[PDB]
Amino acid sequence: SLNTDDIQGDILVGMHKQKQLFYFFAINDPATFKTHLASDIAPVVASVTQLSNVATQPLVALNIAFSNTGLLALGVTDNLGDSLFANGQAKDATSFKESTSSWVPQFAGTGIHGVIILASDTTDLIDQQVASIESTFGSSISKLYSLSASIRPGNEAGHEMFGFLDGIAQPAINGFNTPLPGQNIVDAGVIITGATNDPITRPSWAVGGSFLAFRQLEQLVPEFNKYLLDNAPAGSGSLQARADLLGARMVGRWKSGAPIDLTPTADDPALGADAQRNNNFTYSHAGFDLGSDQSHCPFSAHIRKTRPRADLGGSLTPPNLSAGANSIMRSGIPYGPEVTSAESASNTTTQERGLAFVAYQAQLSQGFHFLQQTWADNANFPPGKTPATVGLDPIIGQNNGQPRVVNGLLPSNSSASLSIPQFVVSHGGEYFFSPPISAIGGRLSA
């Protein structure tokens, strides 16, 4: 059973705040850094317990995670049991068929030793917390890069930059979460290192931690919206309706959060808002052949690519429990300004916006990296379909800068291909380890 007093809040429940700062640092003076890591940081790291209680929300929620080189800088030479983590994300870029030419320079390397996640309902509170941290740590810490993020405004709160409701689907942890209808149920050790049925040996101090895969993913929103208009399928619906339909068939959900599998032809806002219904599906449908039927949801839709459900076997009635070991916890948050009038008018992005993508898992090779490379980027995943060529994930699928060939999107002809420019541009990121809280003022400060 999980000790949620000792697990960092963002991993299992998220930060629960309007604003986030990702503060990427280097360690200049280990000894001094350690002193303050124990005295200043450890005591104020927010736990799952802490964030799960409405009466004990911190003014500023703080989490902290270390890269491989950061651990080395602290004299921690133990094998964490994750090759990908050890090599760093920059070395992994080829696996995702992307170039580091688009990367934040600070990410394209291993100079970053860690990330502090600060979360508060105002940026003023964040900024003062940064000032305090820099003032106590002094020259022992260097800020190399940072990214500001926020929940989107007004009625778009909870939606990402493309407009879609986000944070509906997460794995439920057996013995911790009470599962929602349709929700996958997994061993804790899928998410938490050293937890139930994590097969990989870890250092004792790392039990209760998780690997944090950070990705700065720019979204080209005006370009996305133009593509939908220009490539909307023919039909008696209005142009906007048919554009919206194409968007939903790429994502696998309407912007309200309603899963297209349960409502294939139109959005259903009441369904989208209902946590008891909006995940209650497997992709199976009575009277339809799972292997060929794309009339409810394309085989290539984002959410179907990243959680295949019945596509990888198991129950045809909810909940489908397939591929539990390939689950990630998502704590991403949008960044950048809202789309401006000039951008919307020209169809051309000038101001960088997108998703500060955060995925937690116990094994990077089974989680984010697997989902991206083996599923999203694989034109024959899921397997055993007709036609066999599913094409790439239209949202995150990558093929070295080339337009992505995506099949199944058009309801009237599942064989019809679309050649789609990237709407999401990786500016890279890093793999971190978020330790259990005990390790922060324990081993890591020792």
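Numbers follow the displayed sequence, beginning with 1.
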query: Higher-B stretch (mean Cα B-factor, as the entry records it), 21 to 29 or 424 to 432; finding: 21 to 29
query: Selected stretch [higher average CA B-factor]: 247 to 255 or 262 to 270; finding: 262 to 270
query: Deposited CA B-factor, highest of 311, 338, 218, 98; finding: 98
query: Selection from 149, 212, 119, 316 [criterion: highest C-alpha temperature factor in the record]; finding: 316
query: Chain third (lowest, middle, highest) by recorded CA B-factor, residue given as residue 47; finding: middle
query: Residue 383, C-alpha B-factor rank within chain (lowest, middle or highest third); finding: middle
query: Cα B factor band for residue 38 (lowest, middle or highest third within the chain); finding: highest
query: Among modelled residues of the same chain, the CA temperature factor third for residue 202; finding: lowest
query: Residue 103 by Cα B-factor - lowest, middle or highest third of the modelled chain; finding: middle
